[PDB]
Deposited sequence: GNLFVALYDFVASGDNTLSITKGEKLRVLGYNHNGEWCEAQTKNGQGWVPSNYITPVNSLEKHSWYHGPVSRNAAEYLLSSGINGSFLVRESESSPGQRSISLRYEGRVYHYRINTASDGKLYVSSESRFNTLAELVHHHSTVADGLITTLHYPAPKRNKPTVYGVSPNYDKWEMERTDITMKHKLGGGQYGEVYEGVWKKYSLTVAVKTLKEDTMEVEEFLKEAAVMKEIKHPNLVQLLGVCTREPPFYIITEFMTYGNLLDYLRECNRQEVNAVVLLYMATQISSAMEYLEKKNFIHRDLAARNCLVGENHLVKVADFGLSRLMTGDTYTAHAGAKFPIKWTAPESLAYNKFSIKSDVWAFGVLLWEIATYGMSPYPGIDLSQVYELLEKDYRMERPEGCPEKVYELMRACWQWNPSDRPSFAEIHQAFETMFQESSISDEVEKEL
């Protein structure tokens, strides 16, 4: 009804950004070039606001139980911390317009489809159809009516929506890491915590460091780290990226509390990384340094991938390479598929050192037959990483194929159930 409602809290602290509290009423006056920001007027003032942080009043997103387009296993992770009656309504990522209800009950997560009849009345069971989705959700929150339990408690959001650009349109240096290249720091103009990477050369050339970053600036995916800025005017070049509070994926995995980080969490991270790699491959970009250290962990196990196009740097890296990448200097997605298979072995092993096996002869060890089953790794997952390690690179599945497998691997089961 011409009005908008804020879905997430946003602190302004920006050029002309407007602070919004969840549930505030907004009148939208316009949008910026990319649409990631929109000018809004509220009872307090006028200013720019992230577009994904607010939704139209007539929108179905105004409801808490509607999480928009959500992966099936992402929804399963969302319901992992729930109780009986915990539920969410999601849009199918593979085919949009298809709606599903994910409902948690006694440790299980059940998925139901909201099918539309010839009348257009959406329904879950054929005996009760409704004109609108809100009617159906209200009815199934009143009685179960064919569901295993009533839709009682909408699931909370996993993370705030990702925005591209700190503004609609060198600086403070904090502590580095501790040791045992990348520093944490503050941007004053927007007063936000960022990560700054310094570098020397070899891969970081004179004109490549600027023309390559232009392609990197166009890297925009929820599971890919965002290149906020670059500073090439000083002998130490600065790479400004988002900040992830939990840091290294390998360090997280080795120190994590496995009761909180269970098999569903592991598949959530794997699906995130696979979707990031699918986005990178579909754009014809090669990561080249895929591994656990180059991934980062965020809130609610939000995983992002960094160090893409980095190739060199840090280095204080043999086992994550393709057999054809170090023998003949290959540049391909399939090498990244091999690195992804090693990464998934690491995830299945909770961060164990790969090939645990003489390094000085590992190449040969591969000319004939690869790591064995981790304890509890489902045979499907080992099969996937097995395909990811092929002597001929053409025989390895695409990252899109890997993601499609991952989503449909446990359609009639649970990864927690299929541990053994």
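**Q** Counting from 1 along the deposited sequence, what's missing?
**A** Going by the record, the segments left unmodelled (no C-alpha atoms) fall at 170-178, 190-192, 329-339, 380, 394, 446-448.
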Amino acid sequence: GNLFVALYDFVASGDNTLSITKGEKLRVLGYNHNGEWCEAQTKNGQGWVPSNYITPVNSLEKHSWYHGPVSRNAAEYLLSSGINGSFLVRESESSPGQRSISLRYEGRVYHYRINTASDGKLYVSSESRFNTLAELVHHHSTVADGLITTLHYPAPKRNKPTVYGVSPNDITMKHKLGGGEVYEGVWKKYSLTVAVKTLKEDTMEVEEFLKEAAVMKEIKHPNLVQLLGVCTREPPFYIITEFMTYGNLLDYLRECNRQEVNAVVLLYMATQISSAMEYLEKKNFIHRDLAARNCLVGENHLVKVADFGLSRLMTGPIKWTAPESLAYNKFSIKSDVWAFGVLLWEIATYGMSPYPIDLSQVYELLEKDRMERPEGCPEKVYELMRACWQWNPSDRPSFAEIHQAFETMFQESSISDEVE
From here on, numbers count along this sequence of modelled residues.
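**Q** When the Cα temperature factors in the entry are averaged, is it 370-378 or 55-63 that ends up higher?
**A** Comparing averages over the C-alpha atoms only gives 370-378.
**Q** Comparing 333-341 with 195-203, which has the greater mean CA B-factor as deposited?
**A** For C-alpha atoms only, the mean B-factor is higher in 195-203.
**Q** Among the choices 349, 272, 311, 71, identify the one whose CA B-factor in the record is greatest.
**A** Comparing C-alpha B-factors across 349, 272, 311, 71, the top value belongs to 311.
**Q** Quick one: which of 300, 100, 142, 118 has the biggest Cα B-factor according to the entry?
**A** Reading the PDB entry, the winner on C-alpha B-factor is 118.
**Q** By the recorded C-alpha temperature factor, relative to the other modelled residues in its chain, which third is residue 228 in?
**A** Its C-alpha B-factor belongs to the middle third of this chain's values.
**Q** Could you place residue 320 in the lowest, middle or highest third of its chain by Cα temperature factor, using the values in the record?
**A** Residue 320: CA B-factor falls in the middle third of its chain.
**Q** Name the third of the chain's ranked CA B-factors that contains residue 360, choosing lowest, middle or highest.
**A** As the PDB entry reports it, the C-alpha B-factor of residue 360 lands in the highest third of its chain.
**Q** Could you tell me which third, lowest, middle or highest, the C-alpha B-factor of residue 216 occupies within its chain?
**A** For residue 216, whose C-alpha B-factor we compare with every modelled residue in the chain, the answer is the highest third.
**Q** Split into thirds by Cα B-factor across the chain's modelled residues, where does residue 401 land: lowest, middle or highest?
**A** It falls in the middle third of the chain.
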